[PDB]
Structure formats: structure tokens, C-alpha cells
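**Student:** Have a look at the structure that comes next, please.
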Number of protein chains: 4
Amino acid sequence: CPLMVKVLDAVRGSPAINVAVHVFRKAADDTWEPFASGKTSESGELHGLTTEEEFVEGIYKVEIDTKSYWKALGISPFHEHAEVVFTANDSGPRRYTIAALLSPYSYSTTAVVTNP
Amino acid sequence: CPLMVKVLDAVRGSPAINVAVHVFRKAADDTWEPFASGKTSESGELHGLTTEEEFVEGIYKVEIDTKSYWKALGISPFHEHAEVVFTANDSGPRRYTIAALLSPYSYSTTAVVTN
Amino acid sequence: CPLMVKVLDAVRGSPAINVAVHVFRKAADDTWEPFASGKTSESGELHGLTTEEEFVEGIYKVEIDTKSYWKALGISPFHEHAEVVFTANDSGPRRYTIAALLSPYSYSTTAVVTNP
Amino acid sequence: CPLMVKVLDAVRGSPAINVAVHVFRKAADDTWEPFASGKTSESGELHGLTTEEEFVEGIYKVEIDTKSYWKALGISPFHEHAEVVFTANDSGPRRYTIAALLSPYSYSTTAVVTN
Ligand SMILES: O=c1cc(-c2ccc(O)cc2)oc2cc(O)cc(O)c12
Ligand SMILES: O=c1cc(-c2ccc(O)cc2)oc2cc(O)cc(O)c12
């Protein structure tokens with residue numbers, strides 16, 4: 001699959017499990033349209049969001065619901081969510097891994113982009 | 001200075017200078033409305049965005065134009081920008097520093113909330 | 001395997017390939033003794049460093065040769081290496097993933113620690 | 001101030017205060033020898049470690065006692081410490097800030113090298 005999301009908890013040193021993830025694609029009229037969504041699994045990974053056919057060129061937004069994650073663990077975090085916005089498939093189809101590393105007052109995001 | 005933004009460059013090991021920063025506040029119709037903006041100085045810092053009277057509780061977005069920065073350096077970037085979204089709450093501490101550390105395919109952001 | 005190392009390049013958005021990794025274990029006399037070593041593969045991962053039998057409790061050091069990596073890419077980086085030092089297996093055997101995310105003047109390291 | 005260390009806490013969103021920091025210089029027999037040390041202030045900063053005359057080219061280690069910090073907060077940490085090792089070179093810029101951002105199972109360190 002062309003798009004995968006992986007989330008890690010920097011406080012517990014574990015995958016961040018059951019984290020909600022919403023993906024949007026920028027429409028011709030410049031609005032964000034719902035593209036796909038899901039929950040991270042026991043391994044902190046979210047697979048199967050889309051397909052090579054559906055994941056065309058465009059600007060995508062991946063919004064990770066970090067706030068609900070921390071609140072379920074009893075922590076009141078700083079951020080409302082982590083939001084990753086990028087142009088995809090601009091030089092042909094690629095595989096994208098979006099990784100986020102979460103702490104209550106900080107997060108980091110990296111993309112690993114490989115060929116098919 | 002209730003809100004300061006600081007940007008660092010992980011490739012060159014330097015302040016990220018002349019980086020455009022826009023700040024928005026969530027309006028009651030769920031739309032982002034522009035609030036403040038500027039460009040980081042030679043020290044990679046952006047001071048004077050707002051004041052204590054203006055910076056009321058609310059949900060705020062800080063959008064950092066990382067793509068233009070990397071473009072000025074001739075390095076292909078992954079992200080369109082870095083967007084930091086948070087609720088400002090009064091009972092907590094009085095000053096917010098939003099720090100971001102930039103790489104072409106990665107960024108990290110941290111809030112340092114004091115006083 | 002109980003210990004795995006994963007290295008990512010934050011400039012190219014790719015796994016960091018052929019990165020040298022040296023693992024040491026603190027001896028009774030407080031010196032660092034050579035424990036294991038290897039190179040990251042095409043996926044930026046290094047598997048097979050040790051075994052459940054050999055990976056006993058102790059203080060371990062994982063030294064990642066980031067400087068040779070950047071220099072081979074034409075970059076003169078800040079750090080000599082990235083060095084991760086931790087107590088392992090103190091409450092029984094665990095699986096450790098040591099991940100490092102590399103930029104020329106910055107790096108981050110995280111541990112994902114799971115049960116067998 | 002040729003060398004400054006700054007430490008931030010990613011769990012609390014605050015300067016990491018009272019954190020012990022030791023600095024070593026590689027000696028010709030490959031051994032680390034103590035050079036300077038201190039504890040971070042209320043702003044999470046450690047100033048005055050060395051001087052321009054003393055801080056000659058060499059290989060240096062900055063060891064940050066992150067484990068004691070997390071222990072004082074009652075949070076189980078993964079690392080024994082954070083160890084930042086670098087070559088100081090004169091032709092480059094004149095001032096080094098070693099910044100570290102701490103979480104219990106993760107840290108990041110960046111060098112900001114200016115003037
Ligand atoms: O030099 C600084 C570095 C950082 C920083 C920014 C991002 C990181 O991942 C780690 C540290 O934050 C800061 C926050 C401040 O309020 C002031 C700083 O100098 C810094
Ligand atoms: O792609 C990955 C990226 C990371 C990672 C490493 C460092 C960061 O600051 C953020 C994410 O950890 C990982 C850990 C794994 O076990 C597997 C991964 O693919 C990743």
C-alpha cells in the first residue's frame with residue numbers, strides 16, 4: 001500500500017496504539033476533502049488507508065489525533081493534533097511512510113519515501 | 001511577549017532565518033482566521049506577534065513556511081509547511097515559546113510554557 | 001532477536017543504508033567491552049546482533065557511526081557518532097528497538113521496548 | 001561563552017532545570033578527561049563552562065545526566081544519559097549551543113553553531 005502511518009509514544013517507549021488518523025486531499029476549489037481514516041494497531045501502524053489507483057497526485061493532509069491519545073492516558077497535552085501536509089506523487093507514484101513520535105508537549109514527524 | 005516562535009535548521013546547524021510564520025485563531029464557525037504573522041530574525045526568533053490583552057483563551061494555529069525556506073537553500077523538502085495547533089489556557093503558565101527544528105524530510109516542534 | 005537498530009536519514013527521507021553500528025557492554029571492572037557490531041541494510045535496519053542467551057542484564061552502549069555516513073554523502077556533520085546508553089533486561093528479557101533519525105547537525109534516538 | 005548547553009523537557013513543556021552536565025575533552029591516549037561541568041539553571045541553560053582561550057580544537061563530549069532528572073520526576077527513563085560527541089573546529093563559526101530535548105524513552109540533540 002502507497003501510504004502508511006506509524007506512531008510512537010516517547011514517554012512509554014512503545015507503539016502508540018488506537019490513535020485516530022484522518023487523511024484529507026486538497027480539492028480543485030482549494031478545500032480539504034475527506035480522503036481516508038483509521039486507527040493505529042497494536043504495532044502503532046496503520047495500513048490499508050488507500051490504493052495505487054486512488055492515491056493520485058495532490059496535496060494531502062494527515063491529521064493524527066494525539067490529544068485523545070494523551071487524554072486517555074491521563075495527560076493533558078499541548079497540541080490539538082499532529083498535522084502532516086505534503087505534495088504526493090509529483091514525480092510518479094511513491095510509497096510514503098509517515099512516522100510520528102509523540103510526547104505530551106512535543107512531537108516529531110518524518111517521511112520515508114521509497115520507490116514502488 | 002505572550003507568544004514567541006523560534007526556528008532552527010538541523011542541516012546547517014543554525015537559526016532558520018527569514019522564515020515566514022502565520023498565526024491563526026479558531027473562529028466560532030470552525031474557520032481559521034489570521035491573527036498575526038512575521039518572519040524569523042537572524043537569531044531565528046519571532047517576537048511581538050501579539051500582546052497579553054489580545055492573546056485570549058482559544059485554539060490557535062502557527063503555520064511555519066518550511067517549504068519556502070528549503071526552496072531558498074536548494075534542498076527538496078517533503079512538507080508543505082509545519083502547522084502547530086494548540087489550546088491556549090489561562091490557568092497554566094503565562095508565556096508560550098513554540099520551537100521547531102527543521103530538516104528537509106522531518107520536523108519536530110516543542111512548546112516551552114513558562115511563568 | 002532481542003536487539004534491533006533502525007536508522008533514518010531526515011535529509012533524503014529514506015532509510016540510512018550501510019551505517020556502521022557497534023555495541024558494547026559494561027564489564028564488572030567498569031570498562032566497555034565489545035559486544036556486537038554490524039551495518040544497516042537497504043531498509044536501514046540491523047538485525048541479528050545478538051541472541052536471548054547472550055543478551056543478559058547489563059548496561060549497553062550502541063554507537064552509530066553517523067559521521068562516516070554523512071561524509072560519504074559529501075556532508076561534514078557536527079557529531080562524531082550517535083551513542084545510546086541504557087540498562088537492559090533489568091526486569092526480565094525484553095525486545096529493544098533502537099531507532100535513530102539523523103540530520104547533519106542534529107539527531108534523535110528512541111527506544112521501543114516490548115515484551116517477548 | 002564559546003559553549004552553552006540548553007535542556008528542555010518534552011513531557012512538562014518546560015526548561016529542564018537542575019540537570020547535571022559534564023564536559024570532556026579527548027586526550028592523546030584516547031581517554032576522556034573532565035573539562036567542565038555544571039547544572040542547568042531555571043531557564044534550562046548552562047553558561048560559563050569554558051572560555052575562548054581554553055576551548056581549543058579537539059574532540060569533546062557533553063554528557064547530560066538525563067536519568068537523574070527523570071528519577072527526580074518519578075518517571076522511568078530508558079537512557080543512562082545523553083552523550084553528545086563532536087569535533088570543535090576553528091575555521092567554522094565561533095559559538096556552540098548544544099540543545100537537547102528530553103523524553104523518558106527518547107531524546108534529540110542539535111548543535112546551533114554561530115558567529
Ligand atoms: O536553542 C534552542 C533549541 C530548541 C530546540 C528545538 C527543537 C529541539 O528539538 C530541541 C531543542 O529549543 C529552544 C527553545 C528556546 O526557548 C530557546 C532555545 O535556544 C532553543
Ligand atoms: O519509520 C520509523 C521511524 C521511527 C522514528 C524514529 C525517530 C523519530 O524521531 C520518529 C520516528 O521509528 C520507527 C520505529 C520502528 O520500529 C519502525 C519504523 O519504521 C520507524
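Residues in the C-alpha cells are named by chain (A, B, ... in the order shown) and by number from 1 within that chain; ligands are numbered from 1 in the order shown.
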Please, which residues of chain C lie no more than 12 Å from chain B when the count uses only C-alpha atoms, and can they be set out as a list in words?
**Tutor:**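 Close to chain B, chain C has residues 8, 9, 10, 11, 12, 13, 14, 15, 70, 75, 76, 77, 78, 79, 101, 102, 103, 104, 105, 106, 107 and 108 of chain C.
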**Student:** Leaving out residue 80 of chain D and any residue of its chain fewer than 4 positions from it, which residues lie within 9 Å of it when counting only C-alpha atoms, given as a VMD selection string?
**Tutor:** (chain C and resid 59 84 to 87) or (chain D and resid 65 to 68)
**Student:** Residues as selected, N, CA, C and O atoms, written as a PDB file, in the first residue's frame, can you do that?
**Tutor:**
```
ATOM      1  N   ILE C  59      24.526  -2.885  31.324  1.00  0.00           N
ATOM      2  CA  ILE C  59      24.469  -1.593  30.673  1.00  0.00           C
ATOM      3  C   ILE C  59      25.122  -1.733  29.315  1.00  0.00           C
ATOM      4  O   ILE C  59      26.280  -2.193  29.185  1.00  0.00           O
ATOM      5  N   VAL C  84      23.905   5.569  22.207  1.00  0.00           N
ATOM      6  CA  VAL C  84      22.727   5.283  23.026  1.00  0.00           C
ATOM      7  C   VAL C  84      23.186   4.365  24.187  1.00  0.00           C
ATOM      8  O   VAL C  84      23.726   3.308  23.948  1.00  0.00           O
ATOM      9  N   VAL C  85      22.997   4.784  25.426  1.00  0.00           N
ATOM     10  CA  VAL C  85      23.470   4.003  26.578  1.00  0.00           C
ATOM     11  C   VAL C  85      22.293   3.705  27.489  1.00  0.00           C
ATOM     12  O   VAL C  85      21.554   4.606  27.868  1.00  0.00           O
ATOM     13  N   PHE C  86      22.075   2.439  27.818  1.00  0.00           N
ATOM     14  CA  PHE C  86      20.864   2.062  28.570  1.00  0.00           C
ATOM     15  C   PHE C  86      21.070   0.788  29.365  1.00  0.00           C
ATOM     16  O   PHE C  86      21.922  -0.016  29.007  1.00  0.00           O
ATOM     17  N   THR C  87      20.289   0.635  30.442  1.00  0.00           N
ATOM     18  CA  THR C  87      20.234  -0.629  31.167  1.00  0.00           C
ATOM     19  C   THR C  87      19.210  -1.510  30.469  1.00  0.00           C
ATOM     20  O   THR C  87      18.110  -1.061  30.133  1.00  0.00           O
TER      21      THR C  87
ATOM     22  N   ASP D  65      23.091  14.274  32.342  1.00  0.00           N
ATOM     23  CA  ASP D  65      22.529  13.260  33.237  1.00  0.00           C
ATOM     24  C   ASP D  65      20.995  13.241  33.223  1.00  0.00           C
ATOM     25  O   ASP D  65      20.308  13.727  34.134  1.00  0.00           O
ATOM     26  N   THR D  66      20.460  12.652  32.162  1.00  0.00           N
ATOM     27  CA  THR D  66      19.018  12.636  31.957  1.00  0.00           C
ATOM     28  C   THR D  66      18.341  11.669  32.929  1.00  0.00           C
ATOM     29  O   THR D  66      17.202  11.884  33.336  1.00  0.00           O
ATOM     30  N   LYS D  67      19.044  10.606  33.303  1.00  0.00           N
ATOM     31  CA  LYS D  67      18.439   9.591  34.168  1.00  0.00           C
ATOM     32  C   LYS D  67      18.069  10.157  35.547  1.00  0.00           C
ATOM     33  O   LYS D  67      16.959   9.917  36.030  1.00  0.00           O
ATOM     34  N   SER D  68      18.977  10.922  36.159  1.00  0.00           N
ATOM     35  CA  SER D  68      18.691  11.557  37.466  1.00  0.00           C
ATOM     36  C   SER D  68      17.527  12.523  37.377  1.00  0.00           C
ATOM     37  O   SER D  68      16.744  12.642  38.317  1.00  0.00           O
TER      38      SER D  68
END
```
**Student:** Which of segment 3-101 of chain C end up as alpha helix (DSSP H) when DSSP is run on this backbone - answer as a list in words?
**Tutor:**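 Across segment 3-101 of chain C, those assigned alpha helix (DSSP H) are residues 66, 67, 68, 69, 70, 71 and 72 of chain C.
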**Student:** Could those selected residues go to a file with C-alpha atoms, as a PDB file, in the first residue's frame?
**Tutor:**
```
ATOM      1  CA  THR C  66      26.800   8.831  11.733  1.00  0.00           C
ATOM      2  CA  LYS C  67      29.919  10.757  10.768  1.00  0.00           C
ATOM      3  CA  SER C  68      31.089   8.250   8.094  1.00  0.00           C
ATOM      4  CA  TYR C  69      27.530   8.133   6.782  1.00  0.00           C
ATOM      5  CA  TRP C  70      27.313  11.937   6.192  1.00  0.00           C
ATOM      6  CA  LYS C  71      30.901  12.193   4.879  1.00  0.00           C
ATOM      7  CA  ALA C  72      30.141   9.522   2.225  1.00  0.00           C
TER       8      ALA C  72
END
```
**Student:** Please superimpose chain D on chain B using every C-alpha atom, paired by order, in a least-squares fit, and write the moved chain as a CSV table (one decimal) with N, CA and C atoms, in the first residue's frame.
**Tutor:**
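Dumped everything to part.csv:
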```csv
chain,number,residue,atom,x,y,z
D,1,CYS,N,5.4,39.8,25.8
D,1,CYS,CA,5.5,38.8,24.7
D,1,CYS,C,4.9,37.4,25.2
D,2,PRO,N,3.6,37.3,25.1
D,2,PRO,CA,2.9,36.1,25.5
D,2,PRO,C,3.2,34.9,24.6
D,3,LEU,N,3.6,35.1,23.3
D,3,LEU,CA,3.9,34.1,22.3
D,3,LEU,C,5.1,34.4,21.5
D,4,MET,N,6.1,33.5,21.5
D,4,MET,CA,7.3,33.7,20.7
D,4,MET,C,7.4,32.4,19.9
D,5,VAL,N,8.0,32.5,18.7
D,5,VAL,CA,8.3,31.4,17.8
D,5,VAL,C,9.8,31.4,17.5
D,6,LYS,N,10.4,30.2,17.6
D,6,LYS,CA,11.8,30.0,17.3
D,6,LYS,C,12.1,28.9,16.4
D,7,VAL,N,12.9,29.1,15.4
D,7,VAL,CA,13.1,28.1,14.3
D,7,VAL,C,14.5,27.8,14.1
D,8,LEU,N,14.9,26.5,14.1
D,8,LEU,CA,16.2,26.1,13.9
D,8,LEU,C,16.4,25.1,12.7
D,9,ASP,N,17.6,25.2,12.1
D,9,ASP,CA,17.9,24.4,10.9
D,9,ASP,C,18.9,23.3,11.3
D,10,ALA,N,18.4,22.1,11.2
D,10,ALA,CA,19.1,20.8,11.5
D,10,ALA,C,20.1,20.4,10.5
D,11,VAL,N,20.1,20.9,9.3
D,11,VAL,CA,21.0,20.6,8.2
D,11,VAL,C,22.3,21.5,8.3
D,12,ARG,N,22.1,22.8,8.5
D,12,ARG,CA,23.2,23.8,8.6
D,12,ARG,C,23.6,24.0,10.1
D,13,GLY,N,22.8,23.6,11.1
D,13,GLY,CA,23.1,23.9,12.5
D,13,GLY,C,23.1,25.3,12.9
D,14,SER,N,22.0,26.0,12.5
D,14,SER,CA,21.9,27.4,12.6
D,14,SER,C,20.5,27.8,12.9
D,15,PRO,N,20.3,29.1,13.3
D,15,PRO,CA,18.9,29.6,13.3
D,15,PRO,C,18.4,29.5,11.9
D,16,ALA,N,17.1,29.3,11.7
D,16,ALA,CA,16.4,29.4,10.4
D,16,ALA,C,15.9,30.8,10.2
D,17,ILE,N,16.6,31.5,9.4
D,17,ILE,CA,16.4,33.0,9.3
D,17,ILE,C,15.5,33.3,8.1
D,18,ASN,N,14.7,34.3,8.3
D,18,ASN,CA,13.7,34.8,7.3
D,18,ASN,C,12.6,33.8,6.9
D,19,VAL,N,12.3,33.0,7.9
D,19,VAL,CA,11.2,32.1,7.7
D,19,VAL,C,9.8,32.7,8.0
D,20,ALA,N,8.9,32.6,7.1
D,20,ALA,CA,7.6,33.2,7.3
D,20,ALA,C,6.7,32.4,8.2
D,21,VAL,N,6.0,33.1,9.1
D,21,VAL,CA,5.2,32.4,10.2
D,21,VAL,C,3.9,33.1,10.2
D,22,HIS,N,2.8,32.4,10.1
D,22,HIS,CA,1.4,32.9,10.2
D,22,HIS,C,0.7,32.3,11.4
D,23,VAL,N,0.0,33.1,12.2
D,23,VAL,CA,-0.7,32.7,13.3
D,23,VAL,C,-2.2,32.9,13.1
D,24,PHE,N,-3.0,31.9,13.5
D,24,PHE,CA,-4.5,31.9,13.3
D,24,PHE,C,-5.2,31.6,14.6
D,25,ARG,N,-6.4,32.1,14.7
D,25,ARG,CA,-7.2,31.7,15.8
D,25,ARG,C,-8.5,31.2,15.3
D,26,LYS,N,-8.9,30.0,15.9
D,26,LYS,CA,-10.2,29.4,15.6
D,26,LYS,C,-11.3,30.3,15.8
D,27,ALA,N,-12.2,30.5,14.8
D,27,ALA,CA,-13.4,31.4,15.0
D,27,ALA,C,-14.6,30.5,15.2
D,28,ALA,N,-15.6,31.0,15.8
D,28,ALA,CA,-16.8,30.2,16.2
D,28,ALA,C,-17.5,29.4,15.1
D,29,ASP,N,-17.2,29.7,13.8
D,29,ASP,CA,-17.7,28.9,12.7
D,29,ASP,C,-16.7,27.8,12.2
D,30,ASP,N,-15.7,27.5,13.1
D,30,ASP,CA,-14.7,26.5,12.8
D,30,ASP,C,-13.6,26.8,11.7
D,31,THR,N,-13.6,28.1,11.3
D,31,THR,CA,-12.7,28.6,10.3
D,31,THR,C,-11.5,29.2,11.0
D,32,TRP,N,-10.3,29.1,10.3
D,32,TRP,CA,-9.1,29.7,10.8
D,32,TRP,C,-9.1,31.2,10.3
D,33,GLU,N,-9.0,32.1,11.3
D,33,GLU,CA,-8.8,33.5,10.9
D,33,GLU,C,-7.4,34.0,11.3
D,34,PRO,N,-6.8,34.8,10.4
D,34,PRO,CA,-5.5,35.3,10.6
D,34,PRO,C,-5.4,36.2,11.7
D,35,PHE,N,-4.4,36.1,12.5
D,35,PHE,CA,-4.2,36.8,13.7
D,35,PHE,C,-2.9,37.6,13.8
D,36,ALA,N,-1.8,37.0,13.4
D,36,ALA,CA,-0.5,37.6,13.4
D,36,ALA,C,0.4,36.9,12.4
D,37,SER,N,1.5,37.5,12.0
D,37,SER,CA,2.5,36.9,11.2
D,37,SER,C,3.8,37.7,11.2
D,38,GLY,N,4.9,37.1,10.7
D,38,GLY,CA,6.1,37.8,10.7
D,38,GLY,C,7.1,36.8,10.1
D,39,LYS,N,8.4,37.3,10.1
D,39,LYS,CA,9.5,36.4,9.6
D,39,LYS,C,10.5,36.3,10.7
D,40,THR,N,11.1,35.2,10.9
D,40,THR,CA,12.1,35.0,11.9
D,40,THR,C,13.3,35.9,11.6
D,41,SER,N,14.0,36.4,12.7
D,41,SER,CA,15.1,37.2,12.7
D,41,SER,C,16.4,36.4,12.4
D,42,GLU,N,17.6,37.1,12.5
D,42,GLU,CA,18.9,36.5,12.4
D,42,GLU,C,19.1,35.4,13.5
D,43,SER,N,18.4,35.5,14.6
D,43,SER,CA,18.6,34.6,15.7
D,43,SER,C,17.5,33.4,15.5
D,44,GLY,N,16.8,33.5,14.4
D,44,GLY,CA,15.7,32.5,14.2
D,44,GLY,C,14.5,32.7,15.0
D,45,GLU,N,14.3,33.9,15.6
D,45,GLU,CA,13.2,34.1,16.6
D,45,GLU,C,12.2,35.1,16.0
D,46,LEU,N,10.9,34.9,16.4
D,46,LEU,CA,9.9,35.9,16.0
D,46,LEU,C,9.2,36.3,17.3
D,47,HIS,N,9.4,37.6,17.6
D,47,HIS,CA,8.9,38.3,18.8
D,47,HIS,C,7.8,39.2,18.4
D,48,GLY,N,7.0,39.6,19.4
D,48,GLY,CA,6.0,40.7,19.1
D,48,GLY,C,4.8,40.3,18.3
D,49,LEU,N,4.4,39.0,18.2
D,49,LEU,CA,3.3,38.6,17.4
D,49,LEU,C,2.0,39.1,18.0
D,50,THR,N,1.8,39.2,19.3
D,50,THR,CA,0.6,39.5,19.9
D,50,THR,C,0.9,40.2,21.3
D,51,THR,N,-0.2,40.5,22.1
D,51,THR,CA,0.0,41.2,23.4
D,51,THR,C,-0.8,40.4,24.4
D,52,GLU,N,-0.6,40.6,25.6
D,52,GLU,CA,-1.3,40.0,26.7
D,52,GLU,C,-2.8,40.2,26.6
D,53,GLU,N,-3.2,41.4,26.1
D,53,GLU,CA,-4.7,41.7,26.1
D,53,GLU,C,-5.4,41.0,25.0
D,54,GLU,N,-4.6,40.8,23.9
D,54,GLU,CA,-5.2,40.2,22.7
D,54,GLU,C,-5.2,38.7,22.7
D,55,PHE,N,-4.2,38.1,23.4
D,55,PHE,CA,-4.0,36.7,23.4
D,55,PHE,C,-4.9,36.0,24.4
D,56,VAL,N,-6.2,35.9,24.1
D,56,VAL,CA,-7.1,35.3,25.0
D,56,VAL,C,-7.2,33.8,24.8
D,57,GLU,N,-7.8,33.0,25.7
D,57,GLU,CA,-8.0,31.6,25.6
D,57,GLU,C,-8.7,31.4,24.2
D,58,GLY,N,-8.2,30.3,23.6
D,58,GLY,CA,-8.8,29.9,22.3
D,58,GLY,C,-7.9,28.8,21.7
D,59,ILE,N,-8.2,28.4,20.5
D,59,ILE,CA,-7.5,27.4,19.8
D,59,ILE,C,-6.7,28.2,18.7
D,60,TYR,N,-5.4,28.0,18.7
D,60,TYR,CA,-4.5,28.7,17.8
D,60,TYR,C,-3.7,27.8,16.9
D,61,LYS,N,-3.5,28.3,15.7
D,61,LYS,CA,-2.6,27.6,14.7
D,61,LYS,C,-1.4,28.5,14.3
D,62,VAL,N,-0.2,27.9,14.4
D,62,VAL,CA,1.0,28.5,14.0
D,62,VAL,C,1.5,27.8,12.8
D,63,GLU,N,1.5,28.4,11.6
D,63,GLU,CA,1.9,27.8,10.4
D,63,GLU,C,3.3,28.3,10.0
D,64,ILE,N,4.2,27.4,9.8
D,64,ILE,CA,5.6,27.8,9.5
D,64,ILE,C,5.9,27.4,8.1
D,65,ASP,N,6.3,28.4,7.3
D,65,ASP,CA,6.5,28.2,5.9
D,65,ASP,C,7.9,27.5,5.6
D,66,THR,N,7.9,26.2,5.9
D,66,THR,CA,9.2,25.5,5.8
D,66,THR,C,9.6,25.2,4.4
D,67,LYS,N,8.6,25.1,3.5
D,67,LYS,CA,8.8,24.8,2.1
D,67,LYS,C,9.6,25.9,1.4
D,68,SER,N,9.2,27.1,1.6
D,68,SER,CA,10.0,28.3,1.0
D,68,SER,C,11.4,28.4,1.5
D,69,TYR,N,11.6,28.0,2.8
D,69,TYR,CA,12.9,28.0,3.4
D,69,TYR,C,13.8,27.0,2.7
D,70,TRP,N,13.3,25.8,2.6
D,70,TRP,CA,14.2,24.8,1.9
D,70,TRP,C,14.4,25.1,0.4
D,71,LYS,N,13.3,25.7,-0.2
D,71,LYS,CA,13.5,26.1,-1.5
D,71,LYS,C,14.6,27.2,-1.7
D,72,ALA,N,14.7,28.1,-0.8
D,72,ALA,CA,15.7,29.1,-0.8
D,72,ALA,C,17.1,28.5,-0.7
D,73,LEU,N,17.2,27.3,-0.1
D,73,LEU,CA,18.5,26.7,0.1
D,73,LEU,C,18.8,25.7,-1.0
D,74,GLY,N,17.9,25.4,-1.9
D,74,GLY,CA,18.0,24.5,-3.0
D,74,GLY,C,18.1,23.0,-2.6
D,75,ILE,N,17.3,22.7,-1.5
D,75,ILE,CA,17.1,21.4,-1.0
D,75,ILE,C,15.6,21.0,-1.1
D,76,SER,N,15.3,19.8,-1.7
D,76,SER,CA,13.9,19.3,-1.9
D,76,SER,C,13.3,19.0,-0.5
D,77,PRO,N,12.2,19.7,-0.2
D,77,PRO,CA,11.6,19.4,1.1
D,77,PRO,C,10.4,18.5,0.9
D,78,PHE,N,10.0,17.8,2.0
D,78,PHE,CA,8.8,16.9,2.0
D,78,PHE,C,7.5,17.7,2.3
D,79,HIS,N,7.5,18.5,3.3
D,79,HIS,CA,6.3,19.1,3.8
D,79,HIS,C,6.0,20.4,3.1
D,80,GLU,N,4.7,20.7,3.0
D,80,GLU,CA,4.2,22.0,2.5
D,80,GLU,C,4.5,23.1,3.5
D,81,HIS,N,4.4,22.8,4.8
D,81,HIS,CA,4.7,23.7,5.9
D,81,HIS,C,4.7,22.9,7.2
D,82,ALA,N,5.0,23.5,8.3
D,82,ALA,CA,4.8,22.9,9.6
D,82,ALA,C,3.7,23.7,10.3
D,83,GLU,N,2.6,23.0,10.8
D,83,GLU,CA,1.4,23.6,11.4
D,83,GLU,C,1.2,23.1,12.8
D,84,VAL,N,1.3,24.0,13.8
D,84,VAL,CA,1.3,23.7,15.2
D,84,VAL,C,0.0,24.2,15.8
D,85,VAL,N,-0.9,23.3,16.3
D,85,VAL,CA,-2.2,23.7,16.7
D,85,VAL,C,-2.4,23.3,18.2
D,86,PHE,N,-2.8,24.3,19.0
D,86,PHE,CA,-2.9,24.1,20.5
D,86,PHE,C,-4.0,25.0,21.1
D,87,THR,N,-4.4,24.6,22.3
D,87,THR,CA,-5.3,25.5,23.0
D,87,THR,C,-4.5,26.3,24.0
D,88,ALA,N,-4.7,27.6,24.0
D,88,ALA,CA,-4.1,28.5,25.0
D,88,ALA,C,-5.1,28.6,26.2
D,89,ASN,N,-4.6,28.2,27.4
D,89,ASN,CA,-5.4,28.2,28.6
D,89,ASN,C,-4.8,29.1,29.7
D,90,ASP,N,-5.7,29.9,30.3
D,90,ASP,CA,-5.1,30.9,31.3
D,90,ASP,C,-4.6,30.4,32.6
D,91,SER,N,-5.2,29.4,33.2
D,91,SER,CA,-4.8,28.9,34.5
D,91,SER,C,-3.3,28.4,34.5
D,92,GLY,N,-2.9,27.8,33.4
D,92,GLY,CA,-1.5,27.4,33.2
D,92,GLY,C,-0.5,28.6,33.2
D,93,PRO,N,0.8,28.3,32.8
D,93,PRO,CA,1.8,29.4,32.7
D,93,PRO,C,1.6,30.4,31.6
D,94,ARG,N,2.2,31.6,31.8
D,94,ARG,CA,1.8,32.8,31.1
D,94,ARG,C,2.5,33.1,29.8
D,95,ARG,N,3.6,32.3,29.4
D,95,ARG,CA,4.3,32.6,28.2
D,95,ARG,C,4.5,31.3,27.4
D,96,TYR,N,4.3,31.4,26.1
D,96,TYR,CA,4.5,30.3,25.1
D,96,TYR,C,5.6,30.5,24.2
D,97,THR,N,6.6,29.6,24.2
D,97,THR,CA,7.6,29.5,23.1
D,97,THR,C,7.3,28.3,22.3
D,98,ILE,N,7.0,28.5,21.0
D,98,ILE,CA,6.8,27.4,20.0
D,98,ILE,C,8.2,27.3,19.3
D,99,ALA,N,8.9,26.1,19.5
D,99,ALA,CA,10.1,25.9,18.9
D,99,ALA,C,10.0,24.9,17.8
D,100,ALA,N,10.6,25.0,16.7
D,100,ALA,CA,10.6,24.0,15.7
D,100,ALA,C,12.0,23.8,15.2
D,101,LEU,N,12.3,22.5,14.9
D,101,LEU,CA,13.6,22.1,14.4
D,101,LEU,C,13.4,21.5,13.1
D,102,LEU,N,14.0,22.0,12.1
D,102,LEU,CA,13.6,21.6,10.7
D,102,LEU,C,14.7,20.8,10.0
D,103,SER,N,14.3,19.8,9.3
D,103,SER,CA,15.0,19.0,8.3
D,103,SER,C,14.2,18.9,7.1
D,104,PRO,N,14.8,18.5,5.9
D,104,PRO,CA,14.0,18.5,4.7
D,104,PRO,C,12.9,17.5,4.7
D,105,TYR,N,13.1,16.4,5.3
D,105,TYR,CA,12.0,15.4,5.3
D,105,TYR,C,11.5,15.1,6.7
D,106,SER,N,11.7,16.0,7.7
D,106,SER,CA,11.3,15.8,9.1
D,106,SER,C,11.3,17.1,9.8
D,107,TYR,N,10.3,17.3,10.7
D,107,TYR,CA,10.5,18.4,11.7
D,107,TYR,C,10.0,18.0,13.1
D,108,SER,N,10.5,18.7,14.1
D,108,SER,CA,10.0,18.5,15.4
D,108,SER,C,9.6,19.8,16.0
D,109,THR,N,8.5,19.8,16.8
D,109,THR,CA,8.0,21.1,17.4
D,109,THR,C,7.8,20.8,18.9
D,110,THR,N,8.1,21.8,19.7
D,110,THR,CA,8.0,21.7,21.1
D,110,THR,C,7.4,23.0,21.6
D,111,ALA,N,6.6,22.9,22.7
D,111,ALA,CA,6.2,24.1,23.4
D,111,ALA,C,6.9,24.2,24.7
D,112,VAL,N,7.4,25.3,25.0
D,112,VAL,CA,8.0,25.6,26.3
D,112,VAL,C,7.1,26.7,26.9
D,113,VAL,N,6.4,26.3,27.9
D,113,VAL,CA,5.4,27.1,28.5
D,113,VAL,C,5.8,27.5,30.0
D,114,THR,N,6.1,28.8,30.2
D,114,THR,CA,6.6,29.2,31.5
D,114,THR,C,5.9,30.4,32.1
D,115,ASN,N,6.5,30.9,33.3
D,115,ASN,CA,5.9,31.8,34.2
D,115,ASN,C,4.5,31.4,34.8
```
**Student:** So, counting only C-alpha atoms, which residue among A:110, A:51, A:115, A:40 is closest to chain C?
**Tutor:**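 Ranked by minimum distance to chain C, first place goes to A:110.
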**Student:** Write down as a VMD selection string the residues of segment 32-83 of chain B whose backbone DSSP state falls under strand (DSSP E).
**Tutor:** chain B and resid 32 to 39 45 to 46 58 to 64 82 to 83
**Student:** Compare C:23, C:28, C:5, C:56 by their minimum atom-to-atom distance to ligand 2, counting only C-alpha atoms and all ligand atoms, and give me the closest one.
**Tutor:**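 Going through C:23, C:28, C:5, C:56 one by one, the smallest distance to ligand 2 is for C:5.
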**Student:** Just give me the gap between atom 3 (C, counted along the ligand's line) of ligand 2 and atom CA of residue 54 of chain A in Å, one decimal is fine.
**Tutor:**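 Between atom 3 (C, counted along the ligand's line) of ligand 2 and atom CA of residue 54 of chain A the gap is 25.0 Å.
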